[PDB]
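In our numbering, the protein residues as written are 224 to 380.
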């Protein structure tokens, strides 16, 4: 109902000496309220842990107002005799932002100092909310190819 969350480009090439690369994500055709889109890096042939690339994960905030978000990845300087590297970026399913996780929880616990008031609740409100859930595109995956370009060097001279 929300539209298509997906990468602007299915495959992106990033320079060895760029510093930080940013991938623009396509927002839903119908931007409704506030939606969070989680993401993470995937080690393809690239070394993770800040070895070929600084791996990252987090959440992007999209809204009716927020237009595009970017994944910022620190591209690490080449190892020893590496030709090029590539890793993937996966954005997870868009999660509709509930503005109130805190609905209350203030009930008299008739016990002097105890933290269990026993709130016996279980509502599948997430499924109730999913009637208008934000969804993602056909294929959500970015192939990030770290290619050597010393022509443009992040170290300015």
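Note that CB positions come from ideal geometry on N, CA and C, so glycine has one too.
Contact annotation, residue 247 with residue 313: C-beta distance approximately 16 Å; criterion of less than 8 Å not satisfied. For residue 243, the uninterrupted beta strand (DSSP E) run begins and ends at 243-249, by DSSP.
In the DSSP secondary-structure assignment, residue 261 is bridged to 282.
Checking the DSSP bridge columns, you'll see residue 307 partnered with 370. Around the beta carbon of residue 225, a 10 Å sphere encloses 16 or more other beta carbons of the protein chains shown; the residue is thus reported as buried.
A contact is defined here as three or more CB-CB pairs under 8 Å, and the segment 234-249 meets this definition with respect to the segment 293-306. For the set 245, 233, 353 and 361, the Cα lying nearest the Cα of residue 318 is the one of 353. A residue is called buried once 16 or more other Cβ atoms fall within 10 Å of its Cβ, and residue 369 is buried on that count.
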